[PDB]
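Structural characterization, general
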Amino acid sequence: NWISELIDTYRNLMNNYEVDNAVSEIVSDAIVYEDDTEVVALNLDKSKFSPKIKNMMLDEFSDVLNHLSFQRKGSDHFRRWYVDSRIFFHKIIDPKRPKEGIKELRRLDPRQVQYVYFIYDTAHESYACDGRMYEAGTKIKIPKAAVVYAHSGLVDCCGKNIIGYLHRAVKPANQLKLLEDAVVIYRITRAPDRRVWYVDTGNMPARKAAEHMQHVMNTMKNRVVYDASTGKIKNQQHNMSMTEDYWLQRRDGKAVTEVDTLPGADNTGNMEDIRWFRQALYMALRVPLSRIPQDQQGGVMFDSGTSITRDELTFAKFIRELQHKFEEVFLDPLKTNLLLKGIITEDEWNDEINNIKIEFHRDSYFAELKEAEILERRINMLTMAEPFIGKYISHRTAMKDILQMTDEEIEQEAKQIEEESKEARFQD
Amino acid sequence: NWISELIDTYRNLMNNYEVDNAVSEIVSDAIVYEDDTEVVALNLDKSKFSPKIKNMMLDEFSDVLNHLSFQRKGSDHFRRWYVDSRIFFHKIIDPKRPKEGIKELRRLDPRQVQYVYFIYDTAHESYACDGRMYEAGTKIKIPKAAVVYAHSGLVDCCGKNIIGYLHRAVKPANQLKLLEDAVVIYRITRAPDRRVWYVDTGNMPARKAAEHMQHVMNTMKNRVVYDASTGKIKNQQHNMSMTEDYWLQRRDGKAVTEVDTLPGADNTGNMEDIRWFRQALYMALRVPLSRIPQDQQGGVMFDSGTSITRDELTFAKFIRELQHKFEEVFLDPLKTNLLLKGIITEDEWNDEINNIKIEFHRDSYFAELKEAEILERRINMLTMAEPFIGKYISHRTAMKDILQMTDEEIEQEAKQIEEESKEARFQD
Amino acid sequence: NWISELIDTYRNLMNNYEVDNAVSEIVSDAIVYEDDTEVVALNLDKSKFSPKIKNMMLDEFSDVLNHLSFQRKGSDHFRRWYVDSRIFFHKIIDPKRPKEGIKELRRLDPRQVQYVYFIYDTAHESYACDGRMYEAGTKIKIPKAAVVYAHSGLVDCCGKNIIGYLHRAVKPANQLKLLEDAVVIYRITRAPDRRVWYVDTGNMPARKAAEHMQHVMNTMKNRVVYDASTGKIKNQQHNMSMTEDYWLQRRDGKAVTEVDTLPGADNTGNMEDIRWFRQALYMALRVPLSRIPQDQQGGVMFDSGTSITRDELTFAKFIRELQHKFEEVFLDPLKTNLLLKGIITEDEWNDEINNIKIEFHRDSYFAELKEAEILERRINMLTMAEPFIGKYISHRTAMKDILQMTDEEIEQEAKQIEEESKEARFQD
């Protein structure tokens, strides 16, 4: 239940704006679709028994994505993992025969699952599984296999509870807005001039004294209105009074009946205040500040090509750490399906990972725009430390520590470059 | 009903300005008509049985656009999808014979449709379908086929409800204007000087005391007016009094009758306030801030050709994600018409998508102006790392990682470039 | 117990943001995963009996990481060491036979361990060890071997107690926030204009005097509201009153009934105050200030490649000192397993360390970007002091004190560079 109230407030963090902008900053590059290029490949770079089995996984893996319908439904499944604070896929298998094998993976609403042996609470009717039939309103129990349970790997203030990654920004977000209601509340109110009219009546009953109040309304009450639909001043057509005229009569021989205007909202503020808490909520999100929240006029800095800051570089790391947590949602539908189906056993799997890397695709554009500053500097070094490359540092030695190549890259290239010189078209 | 009240407030978000400017920012490039060039092509880049069937779709697809009348009615159907939060096209088929096949797709008003099996509520009389005749005022039921239902793929605060994409900006928009009425309300009011005239009368009945009030009006009341039609001061022709003169008589021997001017609207503000909430509503829209809301005098930054920022680059991604949601409105009138008509069955279709890409056309101008900075930098690298292209990195190796070409592009070109040299006109 | 309350407040330092940002600044580079490259290698650069035993450790050490599951669970085990202020791994061995040898290392919750002979307090049921069975709710005692106990090597104010490294920043952090509640508390309150209405009633019982108060509410009470869900003004549709009108009646012939508005929150501040304490908490963390907390517009400074400051250089030192404290968590599961298993005895081990260095991997990117300024300056010297290299300083002499090489590097290179000149491709 406490688990369930938590995934509420996270999802009412997304409801608000900016949090939505910054969270979908991440999911926009924590799994980035590109044209032609694929997302979430199964890099196999480890000792495997057959050249056929290592490629056989594609029959398994390029298909296990289909069940998630991952190609058009990925950046929601992940954006759910991250913001939900948990994500459960129920697994239908099989019912028979074994090694058929398996069936569609259906997402489960977090907040309807308890884990002490998974207790799926059912709101309304969701599914009939293999058998016997669709349960209704009852807590159905599913074993800790096979259900993929991927959690944001966070301990929390007191062990052991699951939290994040939005948590650290919940308190900050609740008090950035607690200013935006304050800043409009100050201005809305007092926007209209208010006036308190004190008129006195001594020694007359409230029954008939109020009659001396019914007369100062029906004679001097103001109907002037401003409507936000069309900005016109209703019941005042046409033109505007150059000036007003209110007429009060202090019945006694003393100055007690008067209008005292209540204060106008003088704008002393001076508002560097909210501008403080917005930079907070933004640091608390985990999104780099170099995304442009500020107007950032010009300046410019300046440079023709924006460089890799350490900010942005950090964040790629935060991401590629995420992807390695959401890595889970691929490896336990696969491994239980690659055991259900046959081939490799569990006792063989243990040694392979180790490394059976799942490569997410990065953004094609900033792979280049990063690898262009790396290579820009390595050539700038190399031109600079060039007249000495004959005299002090070998050619091989610079090529491998100024260019940061490796040996078999120089080997491969040295052989290759021979035919370039045979003969056209670069012979000058 | 709640669904229907929602699509109301979205459409009363468009009513306002800026929201209109920013929403039609999107639809201006989420489907961009250009001259000569076509919009919404059916890219077929997958294994298909016949060279004739893959081109046969044009008889199907270049015609399925006609039913939407998409060529002159596209940027409204989409601008409706996006802002409506839903979009339904009823499908007329057939009534007979099968594979005729089909008929015009008629848009349905959202807010008159309920989905639990589609319940089309009818306001007035809309259509007679194939049979039997035009229903009037009654909830007619249409099966979940065949009606194309395209929704903005959003879960909302509580599952499962449909929202967006305008939602996040609804609250912000309602309180940017709640300031613009405040800022005029402060100024309209008090624009005219108001004066409260206290004149006293002790120990005379209100019946005859009011007669001592009828005399201070008919002698000193001001008729001076300013009319907004023509800015002249009515009943004051010609010239303007150099100064005024009001005459009051404190009947008692004490200072109780007087004019107290009510405060003037002193402009202390100091208005960096609304300028806050307009930058909000604008971030909440999803339109990049680099569109020029600000005056942006000069500066300049400066550069002769405006570069691709990361802002703008992000947004192209947000768009091409939309287009892939509005992709739906093409593939289920087509697939149900490509099964109605014959040829490919449903069991064959499942493997094709996968990929049967629907290419929207981008803006011709900024394809270039982007592909000009990419290529500007790749040549700038290539000139810079040129003296080493003989010595360290092969020609092939640079051509494929400094220019980012591919092999069959170099293959194709190497063969091609031979005849350029045979012989004119570039031989110098 | 005091030990246990301490590890509470540290973990409620992490709960807060920024502390989380700065602590994971460290762990992001106190153990940095990289692709392909490994983390935590066992550098053996000392006299060892066999060429086989020195590599035999990998069977031992590349496996002792597996028990920690260090490859995907490292930057949590360390981030726990640092923030917890202690970290205990219980060691399961064996139960028989000896030299089997050993079993999984299970993390222990700090706050449930007392050391005077380790007293593991058990909350609920955690493990059954080899025998006899899982204890419940009782203080089980484990000998000071074998349990790895790694502490942040800090003495504290009074010897001998364990503290840090977060301690110095606890007081500062508790009073940066004691301002952020102050700064919103000032603004929240008074955000709404408050008015105190004094109305008088002399010589009437409180039983019936309150009836003269029930009437000024039900006639003049204001229901105008602003709701933060949707920013609209509830019960006020449509448009906004241009102005207000409140009507009070001083029953006596004297000015005693009136509205006195309570002060508005004038924003004199002038807030360079919190901006003070945030720079404190940030210096107290130990994270360099050159990470970009400030907006840091432009300027720029300027340079195309950001240099190694002395700040950043210091911090690498603070880190590599940490890693040498967390070095412990590798060497006592290894040495007790390399004695349990056999081979080297304790009397042999004493001489080896000395040096049996455990190399953490640094960040691949800033090894380069540091080693590029070092080498940039050594060449800049060398070009500058070049015409004299024939006349005054030898070639050997400059090569070894301008380039900072060593002899066997020049030896090795001089031999190598001969074949470069035999003959292609650099012969110009």
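Residues numbered from 1 in each chain as written, not as in the entry; some residues may be left out. Chains lettered and ligands numbered in written order. Part of a larger assembly, values for the part shown. Heavy atoms only, no water. Residues with missing side-chain atoms left out of burial classes, pairs and counts.

Per the deposition metadata, cryo-EM was the technique used to determine this entry, at a resolution of 3.6 Å.

1. With respect to the overall build of chain A
Each helix and strand counted, chain A has 16 helices and 13 strands in total. Computed over its C-alpha atoms, the radius of gyration of chain A comes to 35 Å, more than 25% above the 22 Å expected for a compact globule of 428 residues. Along the first, second and third principal axes, the C-alpha atoms of chain A reach 115 × 75 × 45 Å. (Helix = DSSP H or I, 4+ residues; strand = E, 2+ residues; numbered from the N terminus. Rg over C-alpha atoms; globule rule 2.2 N^0.38 Å.)

2. Topic: the environment of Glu211(C)
All names here are of chain C. Within the fold, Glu211 resides in helix α7 (residues 211–220). You can call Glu211 partly exposed: its relative accessible area is 44%. The spatial distance from the C-alpha of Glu211 to the C-alpha of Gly137 is 64 Å, given a sequence separation of 74 residues. (Buried < 20%, exposed > 50% of the residue type's maximum accessible area, 1.4 Å probe, protein only.)

3. Observations concerning a nonpolar patch on the surface
All names here are of chain C. On the surface, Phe388, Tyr392 and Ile393 cluster together into a nonpolar patch covering about 350 Å² of accessible area. Along the chain, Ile393 falls in the loop between α14 (373–384) and α15 (395–401). Assessed through its relative accessible area of 34%, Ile393 is described here as partly exposed. (Patch = residues over 30% accessible without salt bridge, like charges linked within 9 Å, V, L, I, M, F, W, Y side chains within 5 Å. Areas by Shrake-Rupley, 256 points an atom, 1.4 Å probe, with all protein chains shown as cover. Salt bridge = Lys/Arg side-chain N within 4 Å of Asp/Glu carboxyl O.)

4. Some thoughts on the interface of chain A and chain B
Accessible area lost when the parts come together is the quantity often used to give the size of an interface. With 88 residues of chain A at the interface, the matching set in chain B holds 85 residues. Classifying every residue of the side of chain A that touches chain B by side-chain character gives 35 nonpolar, 21 polar and 32 charged. Where strand β10 (residues 240–241) of chain A lies against strand β9 (residues 225–226) of chain B, two bridges are found, and the strand directions are antiparallel. Along β9(B), the bridge assignment pairs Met240(A) with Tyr226(B). (Contact = heavy atoms within 4.5 Å. Nonpolar A, V, L, I, M, F, W, Y, C, P; charged D, E, K, R; others polar. Pairing = 2+ DSSP bridges.)

5. Details of the sheet that holds strand β7 (residues 147–150) of chain C
Two pairing modes exist for strands in a sheet, parallel and antiparallel, and in both the strands are linked by backbone hydrogen bonds. Residue and element names in this part refer to chain C. An order of β3-β2-β7 is seen for the three strands of this open sheet, with the pairing classed as antiparallel. One side of each edge strand has no neighbouring strand; the edge strands of this open sheet are β3 (105–108) and β7. Each strand of the sheet is rotated relative to its neighbour by a mean of 20°, with strand direction disregarded. Relative to β7, strand β2 (residues 87–91) is paired through four bridges, and the arrangement is antiparallel. Looking at the pairing, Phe89 lines up with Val148 of β7. Contacting β2, β3 and β7, helix α10 (residues 328–335) runs over the sheet at an angle of about 160° to β7. (Axes fitted to C-alpha atoms, helices over the stretch in contact; angles between N-to-C directions.)

6. What to know about the side chain of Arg79(A)
Residues and elements named next belong to chain A. Within the secondary structure, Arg79 is located in helix α4 (residues 70–84). Of note is the side chain of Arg79, whose polar atom sits 3.2 Å from the side chain of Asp20. Among residues more than four places away in sequence, those in contact with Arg79 are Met14, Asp20, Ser24 and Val27. (Polar contact = N/O pair within 3.5 Å; in protein donor to acceptor, adjacent residues only side chain to side chain.)

7. A short note on a negative patch on the surface
Residues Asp260(A), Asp260(B), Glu258(C) and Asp260(C) make up a contiguous surface patch of negative charge. Along the polypeptide, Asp260(B) turns up in strand β10 (residues 258–261). Of the residues examined, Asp260(B) reaches a relative accessible area of 40% and is grouped as partly exposed. (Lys, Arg positive; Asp, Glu negative; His and termini not counted. Charge placed at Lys NZ, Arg CZ, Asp CG, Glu CD.)

8. Topic: the UniProt feature "coiled-coil region" in chain A
As recorded in UniProt, the feature "coiled-coil region" lies at residues 398–428 of chain A. Between the end C-alpha atoms of residues 398–428 of chain A there is a gap of 26 Å, over a span that is 58% helix and 0% strand. (UniProt positions renumbered as here; feature names shortened; annotations may be inferred.)

9. Here we look at the sheet that holds strand β6 (residues 140–142) of chain C
Residue and element names in this part refer to chain C. Strand order in the open sheet formed by three strands is β4-β5-β6, and the pairing between neighbours is antiparallel. Of all the strands in the sheet, just β4 (113–115) and β6 have a single pairing partner and so form its edges. Sheet twist, expressed as the mean angle between neighbouring strand axes with direction ignored, is 25°. Note: β4 against strand β5 (residues 118–120), three bridges, orientation antiparallel. When the bridges of β5 are listed, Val113 appears paired with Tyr120.

10. Here we look at the packing of helix α2 (residues 19–30) of chain B against helix α4 (residues 70–84) of chain B
Residue and element names in this part refer to chain B. Between α2 and α4, the least distance of the axes is 10 Å, while the angle of their chain directions is 125°. In terms of orientation, α2 lies oblique with respect to α4. α2 and α4 meet at a crossing whose hand is right-handed. Facing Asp20, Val23, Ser24, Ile26, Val27 and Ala30 of α2, the residues of α4 in contact are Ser75, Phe78, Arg79, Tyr82 and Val83. Of the residues assigned to the contact of α2 with α4, the class counts are seven nonpolar, two polar and two charged. (Parallel < 35°, antiparallel > 145°, perpendicular 65-115°, else oblique. Left-handed = near helix turned anticlockwise from the far one by under 90°.)

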